[PDB]
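Here we start with a single chain on its own, the form deposited without its partner chain, put down as structure tokens.
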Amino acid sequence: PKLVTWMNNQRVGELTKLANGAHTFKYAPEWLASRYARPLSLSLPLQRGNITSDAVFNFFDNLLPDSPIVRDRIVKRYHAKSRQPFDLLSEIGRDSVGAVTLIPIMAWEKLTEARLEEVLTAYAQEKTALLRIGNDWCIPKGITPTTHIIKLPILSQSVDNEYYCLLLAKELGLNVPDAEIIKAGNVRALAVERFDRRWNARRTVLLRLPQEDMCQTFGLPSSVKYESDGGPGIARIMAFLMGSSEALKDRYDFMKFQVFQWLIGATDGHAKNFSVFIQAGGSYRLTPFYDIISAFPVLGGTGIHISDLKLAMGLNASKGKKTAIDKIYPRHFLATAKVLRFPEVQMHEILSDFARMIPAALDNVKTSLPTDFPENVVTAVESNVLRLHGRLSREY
């Protein structure tokens, strides 16, 4: 009951699943010997002995979708031995988030539009991935990696929503992946460029880059990804970012992203929505932001009010925490920066920058929207962002 763990062409170690169900991991000697060795996770530090803490199971479980519905689909798809994580990874672990390849050259298969449509229809929001070669979507062969995360609509306009949000984030200076709306027959999907992949200079090899999300970095199960369930919030992440190889930048970017989520009404920014690259030696830094969706297009859809929108990670408030997007003003971000030791001049710069740049960014994003982009999505997001933006322009 072993799965060999590879990081590209280098053997990292082995995941073992004992008869009693316990999961253990052991690094390979040749891996530990490298002066450039790095751990699979900050929660699984380099060592010679077997690692038996719950961090092993949690780390691997976090590589799989959180929804039980999606896991049942996976079992069905590959007739997986069971619903267990070790068994699921035995079927789909060749290409995962980050660089972890789990096994029990460069080549691919180009897909036609008809074939691409069929592949995507198969995919409780289960995402998949494909390899882009030129202007064609492809299925990679063997251990050849994918280059894009493909998402289908959830929120029937979630593909368009996320596309818009990623464009706006990029226009406002945030580190986010590029994405494109793809159409195959009657399917409309979002193809997000992966930042855990990098082509070599000659484009003959596509490499995987190690990364892990915040639940993984802290050894936590996906079940506590939300702060209300005991998961990490702004304080814990900002404290963690102090050890980043890019601390100043990462803390600034993370705080800027909290202001951005507020402006765009992104209510689902839980711990698994943030990740770090694990670099040679074991150092780490923040990866780009991702899985960005605005709740504004859902307003009025049934009964959901703007007063019902809450940030997943709350800010400081005089009497506790501040979570309602509609009640948040610059003073909450400034109070938060203070207790977290995030330079006030920097928080001001972040607020000032959004104050003068938002109006132009909203107009600029429109040119990158396809002709069939849904106007209701633009109106709902643009109108609500401008309403909140007024609170910044009034002080900054």
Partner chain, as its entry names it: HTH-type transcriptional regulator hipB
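Residue numbers count along the first chain shown, from 1.
This next part talks about the form solved in complex with its partner chain, which is not shown.
Taking a 4.5 Å heavy atom cutoff to its partner chain in the bound PDB entry, the contact residue among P65, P370, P343, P359 is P343. Interface residue among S228, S283, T144, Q84, judged by heavy atoms within 4.5 Å of its partner chain in the bound PDB entry: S283. Screening 68-76, 126-134, 157-165, 275-283 for residues having heavy atoms within 4.5 Å of its partner chain in the bound PDB entry returns a single hit, 275-283. Not displayed here, its partner chain is kept clear of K327 by more than 4.5 Å at the level of heavy atoms in the bound PDB entry.
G173 falls outside the set of residues with a heavy atom inside 4.5 Å of its partner chain in the bound PDB entry. Among heavy atoms of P288, none comes within 4.5 Å of its partner chain in the bound PDB entry. Within 4.5 Å of any heavy atom of its partner chain in the bound PDB entry lies no heavy atom of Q261. Residues of 40-72 placing a heavy atom within 4.5 Å of its partner chain in the bound PDB entry, in sequence order: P45, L46, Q47, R48.
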